[PDB]
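Just below is one structure, and these are the notes that go with it.
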Amino acid sequence: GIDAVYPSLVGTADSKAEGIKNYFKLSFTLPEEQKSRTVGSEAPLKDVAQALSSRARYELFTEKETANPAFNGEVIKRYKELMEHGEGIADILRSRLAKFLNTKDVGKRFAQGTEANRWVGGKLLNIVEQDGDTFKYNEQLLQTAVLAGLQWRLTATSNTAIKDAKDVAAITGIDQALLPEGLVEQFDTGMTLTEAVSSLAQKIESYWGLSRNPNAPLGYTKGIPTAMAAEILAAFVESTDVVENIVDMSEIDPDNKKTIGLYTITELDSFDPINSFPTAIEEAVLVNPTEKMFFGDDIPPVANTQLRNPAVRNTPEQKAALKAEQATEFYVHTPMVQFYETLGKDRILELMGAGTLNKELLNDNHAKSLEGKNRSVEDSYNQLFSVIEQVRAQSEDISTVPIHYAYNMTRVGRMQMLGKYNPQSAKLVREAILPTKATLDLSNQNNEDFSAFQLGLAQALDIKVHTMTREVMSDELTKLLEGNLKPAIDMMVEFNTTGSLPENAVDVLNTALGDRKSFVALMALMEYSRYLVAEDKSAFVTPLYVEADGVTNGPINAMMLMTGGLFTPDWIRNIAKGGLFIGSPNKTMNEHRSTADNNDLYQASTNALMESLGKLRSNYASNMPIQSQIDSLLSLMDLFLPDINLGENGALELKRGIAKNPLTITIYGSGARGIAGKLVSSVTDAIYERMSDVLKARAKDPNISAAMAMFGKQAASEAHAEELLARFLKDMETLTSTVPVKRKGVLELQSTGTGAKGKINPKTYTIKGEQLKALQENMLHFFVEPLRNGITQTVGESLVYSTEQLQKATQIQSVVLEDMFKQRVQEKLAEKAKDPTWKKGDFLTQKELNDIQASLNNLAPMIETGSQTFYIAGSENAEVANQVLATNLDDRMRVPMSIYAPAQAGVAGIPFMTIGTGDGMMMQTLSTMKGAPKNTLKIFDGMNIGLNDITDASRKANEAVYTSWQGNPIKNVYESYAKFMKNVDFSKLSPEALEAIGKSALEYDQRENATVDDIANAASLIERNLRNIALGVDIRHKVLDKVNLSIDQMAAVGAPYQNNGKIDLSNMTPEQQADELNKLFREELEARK
DNA sequence: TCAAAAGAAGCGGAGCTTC
């Protein structure tokens, strides 16, 4: 079969033969059902080029009757030029093989018997054929691989993952808090070797259309395609389709020896016809294209497995979730597209980005951040227009072309729309392609329709819609439309009348919006002005939406899901700030915020921080030098952060804002040091920006006061702008030269001998490493520490205990799985080494890996809820194989061998379960529950709803929130950890893993003098802890369900979900409610007893 | 801290080494 297709390859397809053995045929086999239309073709480049030569030829080749209408003349012409370029890549490749065969007589040595086809750099020799006194590529495999390479070149960038700080830190080996400025931007805008080759390899093997033989070594099944990828990547470097950049980390940190390769794909012109249809190749080659747009009733198929987690199948309920979301039709809203278009890319960059930095006369570091904001917008813009260019071809009226999007479930159970730039992920696109729409009767402003319309406009305009009633927001929206926004409204009216914009459109918009500016705000100004000129106001069609938005969702979900003790009154008040109201029939978040408590969970945190902060000062009341450090750190923040306000007499006031991100990531398991670095970065980002202001201040006057140029705004006078300049230089002084150190459980100031000193240069200015670290330590001990205590005091110690036990449990388990998998890989390799057909370079077969994985089932690597499946340890590390998989023909581009294997979890257990059983389970529920809202856009912790169904959809959302609150993540972990605890043997563990386990289950002291039996007893103690917590959470949930509850967590609209609790707890203080709930609690315990 | 990983290259044909 396979030999009949490739009968001329070099070698014998028998692992037991003595001479050259051909590992291509030994590792692959023809599939049952055709996957690629090139297998069997003696020249895929020519055949595919012919197939692309005309719509008629295309249709026949793909055995389809009609072809994408986007496949017209211009596109056809661009694809002809691209095919000719494919021949260029092919020629480069053929020439590289020849050079490889000549150097060090590899070719001659290979023909004489040297098994060079097994070297990390010669696996491609498995696809060559004998030709005279040398070898040559098999044209079918080569060309097909080139076709794969062309598709990848056209759409790889758009499919890349977004790299945050964590990623960059892991890649570069530089602490996340110390990354220079545009470093993250530089690495997010390029691909690492692994990222490039991996996606390229996947594409190549896919186009080859064969199947992996389960009994073939991974070194070949994965190696041959990866080796082909490396060569194609090298070829693209030679052709300049791809730019390679070797980043030397020794400059950005003299101690780092890592030199990292970065790969960027030369972008095509935004107006290139290929963009209107960049999947023509993919769609001709693959019978089941996994890269295309979905129009009409061409619905996306349902992913069978969790994203990048083949070991986990999407449960039946999750599959139903995906199906519902993928069936939703999205539509282009022409007015917005025409607006973006009339404004133009350049002006949207000015308006929503940094618009033209050409005046490269602004702080060097600030300039790198501004450049990043521009990129995100620009790429976002071109991607939106490439999409409408294809849509446009589908029909005469682009507003009526239905659009479907593929989705998939992630590790933490979220339904992520696939693709970097889409409605779910890109704000710019979100306002252009919507699933929402409604026909409203706005003829009377007393109608409910108008009231929904106002809600939509107000929320888009940044009015805190969930903090007031419809009525009150109705007045606030009006005062704004007729106020600061009127000039922008009038302009939009003209735009929706003649199609033109003034020359000062950016200024009119920027001035009318102020900090309310955003893409959704542009939609609001657009929709209101459309309504104004509308002929028939009684039937206004708009995609404008209202989002049922979760209030402090993550922290509230955690409190609700993992608090496991008796009920507390602080807890009852605090949980009310998240939508759970006890004894208040039909109460809404709007009434709660305006009538009972105007402070949300972020504020409560900030207020607890302020108290814990004042407390810190007392413990050092006399220590003048410490008081001054705190005061200086507080002074620096007040100088640049809006959330801090030191006032005249010293009154310290804080906004809920400074606790937003920290409260959130502390729920995702973040450490204190990490939070501190985030805050520092905020400060520095603002300083760098103020440095640009100064530059721009003296360019506007060469004599402006240094102080006046930097604080002319914040100040009210001269000597005043001098007081601020005095605080700055002094704050940067004490903060970079002196840092707090915790000794004997007490704080002590220590000099760094690396303080900031010298004449400030507003353009070169930069807060370096040793100075960033200093700010970091001050921020850590004088702000974050008290903030962390405040957070804990707010969410509850009980919840913190649960997350600790959860982390510990999931960690310990991840360790064993990891150590065991690694060991059993070492045992098998130990056998293979005794086999004459095997070689040190080959790894194990997929079968041998599937067996090793199976040998771990009894350790319960999976966590089940009944509707969701989690595999916390799952990952793709290079640690298991610990070896190169393949290199290019120049002995470079050495790609490490990655294997799907369990790894240490760290704190990952927390985010996985809180997100998974929290917002993950909720949205899943919301899209599959009886009467599931239709035509919405779900973004994890919020849902966009068309103006016509905001009431019922919001209520269903709150109901979904309620059923997700019936979850018990700890219980699920208990179930898994308990099975694990009865099959694990801590003596089979290396001292390495045995030590990590001790860290989680044993208190620092007992670690050294700890036997296997010691950590086994402790680990066993953790089982009981979880068992107890799970039992508590379960009682609370049942008890809480017997009382009358009103839930409005997905606030905005004011449609709370009523649980019909029979027991009435109205007319009671939280204290009374706690005692009553505990009576039902103790009572329920007895029941079980 | 979750969402996905992750250094390059001589000599020799793996994996130690130096930057």
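Below, chain A is the first sequence line, B the second, and so on; all start at residue 1.
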- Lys/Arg N to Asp/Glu carboxylate O, A:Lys822 vs A:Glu879, below 4.0 Å: no

- Report the distance from atom CD1 of A:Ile665 to atom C1' of B:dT1, rounded to the nearest whole Å. 6 Å

- Kindly say whether A:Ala901 contributes a backbone atom to a donor-acceptor pair with the side chain of A:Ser875 at under 3.5 angstrom? yes

- Partners of A:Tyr871 by side-chain hydrogen bond (donor to acceptor under 3.5 Å, both in side chains), sequence neighbours excluded? none

- Message: Check this for me: does any side-chain nitrogen of one of A:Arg673 and A:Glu785 sit under 4.0 Å from a carboxylate oxygen of the other?
- Response: no

- Atom CG of A:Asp175 and atom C1' of B:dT1: how far apart are they, to the nearest Å? 13 Å

- Backbone N/O of A:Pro217 and side chain of A:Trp838: donor-acceptor pair under 3.5 Å: no

- Task: Tell whether A:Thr194 reaches the base of B:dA5 with its side chain through a donor-acceptor pair below 3.5 angstrom.
- Result: no

- Query: Of the candidate nucleotides B:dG15, B:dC2, B:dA6, which contains the atom at the shortest distance from the side chain of A:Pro911?
  - Reply: B:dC2

- Query: Is the shortest side-chain N/O distance from A:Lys839 to OP1 or OP2 of B:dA14 below 4.0 Å?
  - Reply: yes

- Query: When the ring planes of A:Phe912 and A:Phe870 are compared, do they come out parallel, tilted or perpendicular, using 30° and 60° as the limits?
  - Reply: perpendicular

- Task: Can you figure out which of B:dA5, B:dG13, B:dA6 approaches the side chain of A:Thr192 most closely?
- Result: B:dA6

- Message: Within residues 891-903 of chain A, which residues have any heavy atom lying less than 4.0 Å from an atom of DNA chain B?
- Response: A:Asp891, A:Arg892, A:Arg894

- Task: Please list residues of residues 218-232 of chain A whose heavy atoms come under 4.0 Å from any atom in DNA chain B, ordered by number; otherwise none.
- Result: none

- Message: Classify A:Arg109 by what it touches in the nucleic acid, base, sugar-phosphate, or nothing, heavy-atom distance under 4.0 Å.
- Response: base

- Rounded interatomic separation in angstrom, taking CG from A:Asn159 and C1' from B:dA4: 14 Å

Considering only nitrogen or oxygen atoms on both sides, find all protein atoms under 3.5 Å from nucleotides 17-19 of chain B and state each distance.
none

- Note on the structure: Those residues at least two apart in sequence (or on a different chain) that pass salt bridge (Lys or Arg N to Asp or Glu O under 4.0 Å) with A:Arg96 are A:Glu231, A:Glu238, A:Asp890

- Query: Ion pair present between A:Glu831 and A:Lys828, side-chain N to carboxylate O less than 4.0 angstrom?
  - Reply: yes

- Atom P, compared across B:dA5 and B:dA9: separation rounded to whole Å: 24 Å

- Query: Got a sec, which pairs hit salt bridge (charged side-chain N to carboxylate O under 4.0 Å, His left out) with one end in residues 219-230 of chain A, sequence neighbours left out?
  - Reply: none

- Among the nucleotides B:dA5, B:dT1, B:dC2, which one has an atom lying closest to any side-chain atom of A:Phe912? B:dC2

- With a 4.0 Å cut-off, would you call A:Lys832 and A:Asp842 a salt bridge? no

- Where the side chain of A:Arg411 is concerned, which of B:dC2, B:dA4, B:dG13 is the nearest nucleotide? B:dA4

- A:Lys938/A:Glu325 ion pair, N-O < 4.0 Å: yes

- Query: Which listed nucleotide (B:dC2, B:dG13, B:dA5) is nearest to the side chain of A:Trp119?
  - Reply: B:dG13

- Message: What is the separation between atom CZ on A:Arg308 and atom P on B:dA3, rounded to the nearest whole Å?
- Response: 10 Å

